[PDB]
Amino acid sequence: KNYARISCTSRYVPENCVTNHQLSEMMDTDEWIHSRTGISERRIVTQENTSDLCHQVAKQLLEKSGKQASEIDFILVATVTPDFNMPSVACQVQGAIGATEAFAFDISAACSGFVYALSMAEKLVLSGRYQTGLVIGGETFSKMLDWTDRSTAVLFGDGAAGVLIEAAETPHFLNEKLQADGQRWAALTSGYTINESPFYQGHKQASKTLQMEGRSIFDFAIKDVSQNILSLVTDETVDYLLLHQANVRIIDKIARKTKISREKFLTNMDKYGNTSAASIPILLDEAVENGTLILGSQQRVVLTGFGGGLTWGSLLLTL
């Protein structure tokens, strides 16, 4: 019994809802934002940090699935906006829910973090040493954004979602391709921390607040992510695709390039905008609560993420 499947899904975002309207009044930018990106509103934290969000997801997953915290063999969080560098968010969550038996760590892979982490989760299970784990992508990008730069401030939201993953009799994780190219890392940065020790003599002026090269990542998505997807499926072999919800125009393009039915690409960024590592799991959980996807349906679903790094990767799983 070596195979793994997703056994439960859960999401949690902050109740504070911020509209393009609100952001524009505040910024001076009207809903060219929506036609530009497919975004209408995101959720923004007013009191929560990232562990607060991931906690909720962890708590909900235990509730809905009816497992004890002590069943969890491990907890991976894919974030790039953790409360601290140390402790990891996962350790904070692991404490908060009393999963005494779990080891936990965070995975740093930007918008690919949830796919990378679900992939690593699958390996931890295939080994036979671990049966049950929680994988959660969570992010509070609002504390990284320079809110007076309308270029990006409008793009990102805060949120969190994840899944419970347990061992199974039959395979579900069918294939995967994980890729990266740090020869283009310049294109999407955040969270630089400046060394001001008495011994440091560099005066590097990297930003602490997020910064992206808009044209580069966009171009990178269409060409590279499209090839990565086609590396796993054609239209005949996939039923749905949950892509990192970073821009609806990317979704459109990737669909035409890949010749995969546009209908099959679920969308979400209208309500949540770009929540990075959280984006796929949020979408996933909505689609399940919508009734679009059903655990055990055997629907053929590919999850594909892409973002800073640069990183990208796809999973083909039968649900």
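In this text, residue numbers run from 1 along the sequence as written.
Per the record, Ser65 and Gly66 are directly connected, with no deposited-sequence residue omitted between them.
When the two stretches 203-211 and 224-232 are set side by side, the higher mean Cα temperature factor goes to 203-211. 166-174 and 77-85 differ in mean CA B-factor, and the higher of the two is recorded for 166-174.
Reading the B-factor column for the CA atoms of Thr237, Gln94, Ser216, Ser108 in the entry, the top value corresponds to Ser216. Among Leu310, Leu295, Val301, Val18, the highest C-alpha B-factor recorded in the PDB entry belongs to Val18.
Annotation for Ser7: CA B-factor lies in the middle third of the chain's modelled residues. The deposited CA B-factor of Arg184 belongs to the lowest third of values across its chain.
Residue-level temperature factors show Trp147 in the highest third of its chain, judged at the C-alpha atom. In this PDB entry, the Cα temperature factor of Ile260 sits in the middle third of its chain's modelled residues. In the PDB entry, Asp52 places in the lowest third of its chain by CA B-factor.
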